[PDB]
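Contents: one structure, followed by commentary.
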Amino acid sequence: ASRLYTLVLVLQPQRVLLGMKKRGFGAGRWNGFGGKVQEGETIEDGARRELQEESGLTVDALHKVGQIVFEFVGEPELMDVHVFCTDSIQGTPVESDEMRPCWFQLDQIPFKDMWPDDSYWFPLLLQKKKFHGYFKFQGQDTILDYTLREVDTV
Ligand SMILES: CCc1c(NC2CC2)nc(N)nc1N1CCCCC1
């Protein structure tokens, strides 16, 4: 049992777009944009929808760069997060009820104010490698187990 989610990183040669989640799940951490995939939309549809809702941005092409499965102890559904990246965007990012967007230089990623797993898989993202990840959490701060590999098809 899995539930589908999306995550979108706008990564340009010298900068990456992150949003400070302002409420709800993951509040207080920088992250890419995304969320639950709804019934009746593809995963990539959901990624585009969440990006528009959370930043106002639309994109021409999203690229599948990773998949990360998360277990939280005591939670019955695994989280199957599909990670997309894009370089080209359409528009200027603007704040939403959910997200406060900012550009970060690639050597100034705020890892200590991001999900703990990002420290592990974000470099592969930055090196433009495709990857499969798995992280077991207790609560929101403690990774108990993890696996991470580069793959050829996401
Ligand atoms: C919680 C999953 C999660 C995460 N996983 C760690 C297990 C805690 N890392 C990062 N960057 N984003 C995550 N989300 C992006 C998709 C919507 C849900 C939050």
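Using the Karplus equation 6.51 cos²θ - 1.76 cosθ + 1.60 (θ = phi - 60°), what ³J(HN,Hα) coupling, rounded to whole Hz, does each residue of segment 81-91 give in order, writing x for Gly and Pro?
Once θ is set to phi - 60°, the couplings for segment 81-91 become 8, 9, 9, 10, 9, 8, 9, 4, 10, 10, x Hz.
How would you rank 77-88, 33-44, 141-152, 48-59, highest first, on the average number of other Cβ atoms within 10 Å across their residues?
48-59, 77-88, 33-44, 141-152
³J(HN,Hα) across segment 98-106 via Karplus (A = 6.51, B = -1.76, C = 1.60, θ = phi - 60°), whole Hz, x for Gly/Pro?
Using θ = phi - 60°, the values come out as 9, 9, 10, x, 8, 8, 10, 5, 5 Hz.
Measure up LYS36/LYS64; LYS21/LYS130; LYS21/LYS112; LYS36/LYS128; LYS22/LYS112; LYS22/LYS128 against 22 Å on the Cα-Cα distance and list the ones that go over.
Checking Cα-Cα distances, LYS21/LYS130; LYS36/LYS128; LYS22/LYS128 exceed 22 Å.
How compact and how long is segment 42-108, expressed as Rg and Dmax of its alpha-carbon atoms in Å?
When restricted to Cα atoms, segment 42-108 yields Rg and Dmax of 14.1, 41 Å.
Please work out the Cα center distance from segment 27-44 to segment 78-99, rounded to the nearest Å.
8
Which ³J(HN,Hα) values, rounded to whole Hz and listed in residue order, are derived for segment 4-18 from phi using the Karplus coefficients 6.51, -1.76 and 1.60 in 6.51 cos²θ - 1.76 cosθ + 1.60 with θ = phi - 60°, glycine and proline given as x?
8, 9, 10, 8, 10, 10, 8, 10, 10, x, 10, 7, 10, 8, 10
Averaging sequence separations of C-alpha pairs under 8 Å and six or more residues apart, then dividing by the length of the chain, give the relative contact order as a whole percent.
Answer for the chain is 27 percent.
Around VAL37, which amide H atoms from residues at least 5 apart in sequence, or from another chain, sit under 5 Å from its own amide H, with H modelled in the peptide plane?
For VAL37, the qualifying residues are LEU4, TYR5, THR6.
With runs of 4+ DSSP H residues as the only contributors, calculate the mean residue ellipticity of the chain at 222 nm using -39,500 (n - 2.57) per run, divided by the residue total and rounded to the nearest 500.
Computed mean residue ellipticity for the chain: -4500 deg cm²/dmol.
Quick check: from the Cα gyration tensor, does the chain come out rounded (a/c under 1.5), prolate or oblate?
Here the chain falls in the rounded category.
Given R₀ = 22 Å, what would the calculated FRET efficiency be for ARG3 paired with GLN90, taking r from the Cβ atoms and rounding to 0.05?
0.15
Can you work out the FRET efficiency for the pair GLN105 and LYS128, with r the C-beta to C-beta distance and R0 = 22 Å, to the nearest 0.05?
Once the sixth-power term is evaluated, E becomes 0.80.
Take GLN14 and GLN38, extend 7 Å from each Cα along the Cα→Cβ direction, and tell me the distance between the two endpoints in nm.
Modelled inter-label distance: 3.8 nm.
Could you check what % of the DSSP bridge pairs in the chain are antiparallel, to the nearest 5?
65
Because the Cβ atoms are built from the backbone with ideal geometry, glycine has one as well, and the counts that use them run over all protein chains shown. Read-outs throughout are calculated quantities, based only on the coordinates presented, and are distinct from any laboratory measurement.
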